[PDB]
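Trainee: Below is the file my_file.cif, which contains mmCIF, C-alpha atoms; chains and numbers go by the auth columns.
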```cif
data_query
#
loop_
_atom_site.group_PDB
_atom_site.id
_atom_site.type_symbol
_atom_site.label_atom_id
_atom_site.label_comp_id
_atom_site.label_asym_id
_atom_site.label_seq_id
_atom_site.Cartn_x
_atom_site.Cartn_y
_atom_site.Cartn_z
_atom_site.B_iso_or_equiv
_atom_site.auth_seq_id
_atom_site.auth_asym_id
ATOM 1 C CA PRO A 1 -11.478 88.826 -141.201 0.00 1 A
ATOM 2 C CA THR A 2 -8.033 90.078 -140.200 0.00 2 A
ATOM 3 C CA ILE A 3 -6.261 93.426 -139.671 0.00 3 A
ATOM 4 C CA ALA A 4 -3.468 94.400 -142.017 0.00 4 A
ATOM 5 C CA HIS A 5 -0.214 95.397 -140.333 0.00 5 A
ATOM 6 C CA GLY A 6 2.768 97.623 -140.910 0.00 6 A
ATOM 7 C CA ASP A 7 5.419 95.574 -139.167 0.00 7 A
ATOM 8 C CA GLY A 8 6.922 92.399 -140.523 0.00 8 A
ATOM 9 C CA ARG A 9 4.856 89.418 -139.433 0.00 9 A
ATOM 10 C CA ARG A 10 3.553 86.359 -141.212 0.00 10 A
ATOM 11 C CA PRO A 11 0.187 87.680 -142.453 0.00 11 A
ATOM 12 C CA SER A 12 -2.596 85.166 -141.932 0.00 12 A
ATOM 13 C CA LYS A 13 -4.700 84.828 -145.063 0.00 13 A
ATOM 14 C CA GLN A 14 -8.466 84.990 -145.535 0.00 14 A
ATOM 15 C CA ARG A 15 -9.394 82.285 -143.031 0.00 15 A
ATOM 16 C CA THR A 16 -12.786 80.578 -143.086 0.00 16 A
ATOM 17 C CA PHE A 17 -14.069 78.327 -140.311 0.00 17 A
ATOM 18 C CA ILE A 18 -16.470 75.486 -141.057 0.00 18 A
ATOM 19 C CA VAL A 19 -18.013 74.124 -137.855 0.00 19 A
ATOM 20 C CA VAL A 20 -20.864 71.622 -137.542 0.00 20 A
ATOM 21 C CA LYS A 21 -23.168 70.577 -134.726 0.00 21 A
ATOM 22 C CA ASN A 22 -25.010 67.264 -134.602 0.00 22 A
ATOM 23 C CA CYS A 23 -28.427 66.608 -133.116 0.00 23 A
ATOM 24 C CA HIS A 24 -29.281 64.543 -130.058 0.00 24 A
ATOM 25 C CA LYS A 25 -32.398 62.397 -129.969 0.00 25 A
ATOM 26 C CA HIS A 26 -34.006 61.634 -126.620 0.00 26 A
ATOM 27 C CA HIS A 27 -36.323 58.739 -125.812 0.00 27 A
ATOM 28 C CA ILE A 28 -38.754 58.624 -122.892 0.00 28 A
ATOM 29 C CA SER A 29 -41.009 55.787 -121.781 0.00 29 A
ATOM 30 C CA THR A 30 -43.082 55.021 -118.701 0.00 30 A
ATOM 31 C CA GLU A 31 -45.148 51.927 -118.026 0.00 31 A
ATOM 32 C CA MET A 32 -48.723 51.958 -116.776 0.00 32 A
ATOM 33 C CA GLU A 33 -50.528 48.845 -115.574 0.00 33 A
ATOM 34 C CA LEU A 34 -53.997 47.914 -116.746 0.00 34 A
ATOM 35 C CA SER A 35 -55.477 44.681 -115.472 0.00 35 A
ATOM 36 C CA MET A 36 -56.980 42.033 -117.689 0.00 36 A
ATOM 37 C CA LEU A 37 -60.273 42.328 -115.774 0.00 37 A
ATOM 38 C CA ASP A 38 -61.315 45.903 -116.542 0.00 38 A
ATOM 39 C CA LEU A 39 -60.101 45.560 -120.132 0.00 39 A
ATOM 40 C CA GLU A 40 -62.282 42.483 -120.626 0.00 40 A
ATOM 41 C CA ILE A 41 -65.133 44.421 -119.011 0.00 41 A
ATOM 42 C CA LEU A 42 -64.513 47.204 -121.537 0.00 42 A
ATOM 43 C CA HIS A 43 -64.636 44.797 -124.479 0.00 43 A
ATOM 44 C CA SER A 44 -68.188 43.699 -123.537 0.00 44 A
ATOM 45 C CA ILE A 45 -71.609 45.357 -123.778 0.00 45 A
ATOM 46 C CA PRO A 46 -73.829 46.486 -120.876 0.00 46 A
ATOM 47 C CA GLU A 47 -77.416 45.438 -120.284 0.00 47 A
ATOM 48 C CA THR A 48 -77.799 45.723 -116.479 0.00 48 A
ATOM 49 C CA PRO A 49 -77.611 49.057 -114.615 0.00 49 A
ATOM 50 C CA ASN B 1 20.494 111.091 -120.032 0.00 1 B
ATOM 51 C CA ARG B 2 19.173 112.755 -123.191 0.00 2 B
ATOM 52 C CA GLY B 3 16.794 114.974 -121.240 0.00 3 B
ATOM 53 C CA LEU B 4 13.524 114.537 -119.430 0.00 4 B
ATOM 54 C CA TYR B 5 11.311 115.093 -122.470 0.00 5 B
ATOM 55 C CA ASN B 6 13.552 112.827 -124.537 0.00 6 B
ATOM 56 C CA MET B 7 13.258 110.093 -121.916 0.00 7 B
ATOM 57 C CA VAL B 8 9.476 110.504 -121.775 0.00 8 B
ATOM 58 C CA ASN B 9 9.312 110.203 -125.565 0.00 9 B
ATOM 59 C CA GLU B 10 11.622 107.171 -125.392 0.00 10 B
ATOM 60 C CA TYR B 11 9.289 105.562 -122.856 0.00 11 B
ATOM 61 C CA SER B 12 6.018 105.956 -124.750 0.00 12 B
ATOM 62 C CA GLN B 13 7.281 105.753 -128.324 0.00 13 B
ATOM 63 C CA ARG B 14 9.152 102.462 -128.459 0.00 14 B
ATOM 64 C CA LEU B 15 10.515 99.755 -126.218 0.00 15 B
ATOM 65 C CA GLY B 16 13.279 100.881 -123.888 0.00 16 B
ATOM 66 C CA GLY B 17 15.061 97.682 -124.874 0.00 17 B
ATOM 67 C CA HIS B 18 14.915 93.884 -124.457 0.00 18 B
ATOM 68 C CA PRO B 19 11.854 93.002 -122.327 0.00 19 B
ATOM 69 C CA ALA B 20 10.460 89.552 -121.546 0.00 20 B
ATOM 70 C CA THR B 21 8.404 87.566 -124.045 0.00 21 B
ATOM 71 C CA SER B 22 4.822 86.338 -123.900 0.00 22 B
ATOM 72 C CA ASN B 23 3.135 83.007 -123.115 0.00 23 B
ATOM 73 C CA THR B 24 6.330 80.971 -122.715 0.00 24 B
ATOM 74 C CA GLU B 25 7.442 78.967 -119.666 0.00 25 B
ATOM 75 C CA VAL B 26 10.824 80.708 -119.324 0.00 26 B
ATOM 76 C CA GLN B 27 11.296 84.392 -120.161 0.00 27 B
ATOM 77 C CA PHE B 28 13.271 84.982 -123.355 0.00 28 B
ATOM 78 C CA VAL B 29 14.243 88.259 -124.985 0.00 29 B
ATOM 79 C CA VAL B 30 11.861 89.345 -127.712 0.00 30 B
ATOM 80 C CA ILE B 31 13.766 90.340 -130.842 0.00 31 B
ATOM 81 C CA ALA B 32 11.163 90.729 -133.609 0.00 32 B
ATOM 82 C CA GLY B 33 8.545 92.492 -131.523 0.00 33 B
ATOM 83 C CA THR B 34 5.668 91.607 -133.834 0.00 34 B
ATOM 84 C CA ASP B 35 2.606 91.294 -131.582 0.00 35 B
ATOM 85 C CA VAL B 36 3.895 92.155 -128.092 0.00 36 B
ATOM 86 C CA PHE B 37 3.560 95.621 -126.543 0.00 37 B
ATOM 87 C CA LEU B 38 4.444 96.765 -123.040 0.00 38 B
ATOM 88 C CA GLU B 39 5.868 99.571 -120.962 0.00 39 B
ATOM 89 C CA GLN B 40 8.373 99.132 -118.192 0.00 40 B
ATOM 90 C CA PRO B 41 8.507 101.882 -115.558 0.00 41 B
ATOM 91 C CA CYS B 42 11.100 99.907 -113.622 0.00 42 B
ATOM 92 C CA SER B 43 13.556 100.472 -116.474 0.00 43 B
ATOM 93 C CA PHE B 44 12.376 104.085 -116.764 0.00 44 B
ATOM 94 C CA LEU B 45 13.688 105.157 -113.367 0.00 45 B
ATOM 95 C CA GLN B 46 15.987 102.253 -112.454 0.00 46 B
ATOM 96 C CA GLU B 47 14.635 100.981 -109.122 0.00 47 B
ATOM 97 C CA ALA B 48 12.855 97.915 -107.773 0.00 48 B
ATOM 98 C CA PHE B 49 10.088 97.568 -105.300 0.00 49 B
#
```
Could you show the structure in this file as structure tokens?

Mentor:
Amino acid sequence: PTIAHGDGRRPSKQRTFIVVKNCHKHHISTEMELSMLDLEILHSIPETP
Amino acid sequence: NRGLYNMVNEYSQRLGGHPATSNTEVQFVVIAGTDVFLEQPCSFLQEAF
């Protein structure tokens, strides 16, 4: 909005501001090691205590 | 020289006459006086600090 005046100035009209904001995506990745040995142990079946 | 009360009314009511402008590199004289407003007590009693 805008005040009306009494003196002689160039009166700014009914302004309207369109403003936009864009999103930011964030990626995160860490690497964990797992050996082949314990994985191949996991893929088997146990029979001995 | 119109009187003390006349000078006090002349100080507060309007500009005493031809002050500096606003937000410009070099000081001009403001002529329209649309959106500037100031008082100048140096011009009121005619001395400088």

Trainee: Between CA of residue 45 (chain B) and CA of residue 11 (chain B), what is the distance, to one decimal in Å?

Mentor: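 Straight-line distance from CA of residue 45 (chain B) to CA of residue 11 (chain B) works out to 10.5 Å.
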
Trainee: For a quick test of understanding: name the residues of chain A lying within 8 Å of chain B when counting all atoms listed in the file, and present them as JSON, numbers by chain.

Mentor: {"A": [7, 8, 9]}

Trainee: For a test of reading the model, state the distance in Å between CA of residue 19 (chain B) and CA of residue 46 (chain B), rounded to one decimal.

Mentor: 14.1 Å

Trainee: Suppose a student applies the PyMOL selection byres ((chain B and resi 44) around 12) to this structure; what residues should they get, written as an NGL selection string?

Mentor: :B and (1 or 4 or 6-12 or 15-17 or 39-43 or 45-48)

Trainee: Please report the interatomic distance between CA of residue 36 (chain B) and CA of residue 13 (chain A) in Å with one decimal.

Mentor: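 Separation between CA of residue 36 (chain B) and CA of residue 13 (chain A): 20.4 Å.
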
Trainee: Produce the centre coordinates and the three edge lengths, each in Å to one decimal, of the box along x, y and z that contains all listed atoms of region 32-46 of chain A with 4 Å added on each side, as JSON.

Mentor:
```
{"center_x": -61.3, "center_y": 47.0, "center_z": -120.0, "size_x": 33.1, "size_y": 17.9, "size_z": 17.0}
```

Trainee: Complete region 12-34 of chain A with N, CA, C and O atoms (output as a compact mmCIF listing (two decimals), in the coordinates of the input).

Mentor:
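As a result, out08.txt now contains:
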```txt
# COMPACT_ATOMS: atom_id res chain seq x y z
N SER A 12 -1.63 86.24 -141.77
CA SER A 12 -2.60 85.17 -141.93
C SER A 12 -3.59 85.54 -143.01
O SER A 12 -4.06 86.68 -143.07
N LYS A 13 -3.91 84.58 -143.87
CA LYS A 13 -4.70 84.83 -145.06
C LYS A 13 -6.18 84.91 -144.73
O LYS A 13 -6.56 84.97 -143.56
N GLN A 14 -7.03 84.91 -145.75
CA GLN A 14 -8.47 84.99 -145.54
C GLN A 14 -8.95 83.65 -144.98
O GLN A 14 -9.30 82.74 -145.74
N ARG A 15 -8.97 83.52 -143.66
CA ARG A 15 -9.39 82.28 -143.03
C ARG A 15 -10.90 82.13 -143.15
O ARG A 15 -11.63 83.11 -143.31
N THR A 16 -11.36 80.88 -143.09
CA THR A 16 -12.79 80.58 -143.09
C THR A 16 -12.99 79.33 -142.25
O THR A 16 -12.36 78.30 -142.51
N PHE A 17 -13.85 79.42 -141.24
CA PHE A 17 -14.07 78.33 -140.31
C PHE A 17 -15.38 77.63 -140.65
O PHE A 17 -16.44 78.26 -140.70
N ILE A 18 -15.29 76.33 -140.90
CA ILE A 18 -16.47 75.49 -141.06
C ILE A 18 -16.61 74.69 -139.77
O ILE A 18 -15.71 73.93 -139.40
N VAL A 19 -17.73 74.86 -139.08
CA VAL A 19 -18.01 74.12 -137.85
C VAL A 19 -19.42 73.55 -137.97
O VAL A 19 -20.30 74.16 -138.58
N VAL A 20 -19.60 72.34 -137.45
CA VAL A 20 -20.86 71.62 -137.54
C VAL A 20 -21.29 71.18 -136.15
O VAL A 20 -20.46 70.95 -135.27
N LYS A 21 -22.60 71.07 -135.97
CA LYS A 21 -23.17 70.58 -134.73
C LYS A 21 -24.20 69.51 -135.06
O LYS A 21 -25.05 69.72 -135.93
N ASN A 22 -24.11 68.38 -134.38
CA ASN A 22 -25.01 67.26 -134.60
C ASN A 22 -26.15 67.30 -133.60
O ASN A 22 -26.04 67.88 -132.52
N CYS A 23 -27.25 66.64 -133.96
CA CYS A 23 -28.43 66.61 -133.12
C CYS A 23 -28.33 65.47 -132.11
O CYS A 23 -27.57 64.52 -132.29
N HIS A 24 -29.09 65.60 -131.03
CA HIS A 24 -29.28 64.54 -130.06
C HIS A 24 -30.76 64.19 -130.00
O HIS A 24 -31.61 65.07 -129.85
N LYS A 25 -31.05 62.91 -130.14
CA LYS A 25 -32.40 62.40 -129.97
C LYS A 25 -32.54 61.93 -128.53
O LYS A 25 -31.58 61.42 -127.95
N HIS A 26 -33.73 62.11 -127.97
CA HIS A 26 -34.01 61.63 -126.62
C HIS A 26 -35.26 60.78 -126.63
O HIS A 26 -36.26 61.15 -127.26
N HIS A 27 -35.20 59.65 -125.95
CA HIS A 27 -36.32 58.74 -125.81
C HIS A 27 -36.82 58.78 -124.38
O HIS A 27 -36.02 58.88 -123.44
N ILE A 28 -38.13 58.69 -124.20
CA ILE A 28 -38.75 58.62 -122.89
C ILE A 28 -39.91 57.64 -122.92
O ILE A 28 -40.71 57.61 -123.87
N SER A 29 -39.99 56.82 -121.88
CA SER A 29 -41.01 55.79 -121.78
C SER A 29 -41.31 55.50 -120.32
O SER A 29 -40.40 55.25 -119.53
N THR A 30 -42.60 55.53 -119.98
CA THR A 30 -43.08 55.02 -118.70
C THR A 30 -44.11 53.92 -118.94
O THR A 30 -44.74 53.84 -119.99
N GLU A 31 -44.26 53.07 -117.93
CA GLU A 31 -45.15 51.93 -118.03
C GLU A 31 -46.32 52.11 -117.08
O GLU A 31 -46.14 52.43 -115.90
N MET A 32 -47.53 51.91 -117.60
CA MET A 32 -48.72 51.96 -116.78
C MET A 32 -49.40 50.59 -116.81
O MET A 32 -49.47 49.96 -117.86
N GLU A 33 -49.86 50.13 -115.65
CA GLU A 33 -50.53 48.84 -115.57
C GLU A 33 -52.00 49.03 -115.90
O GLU A 33 -52.59 50.07 -115.59
N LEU A 34 -52.56 48.05 -116.57
CA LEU A 34 -54.00 47.91 -116.75
C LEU A 34 -54.30 46.44 -116.62
O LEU A 34 -53.68 45.62 -117.31
```
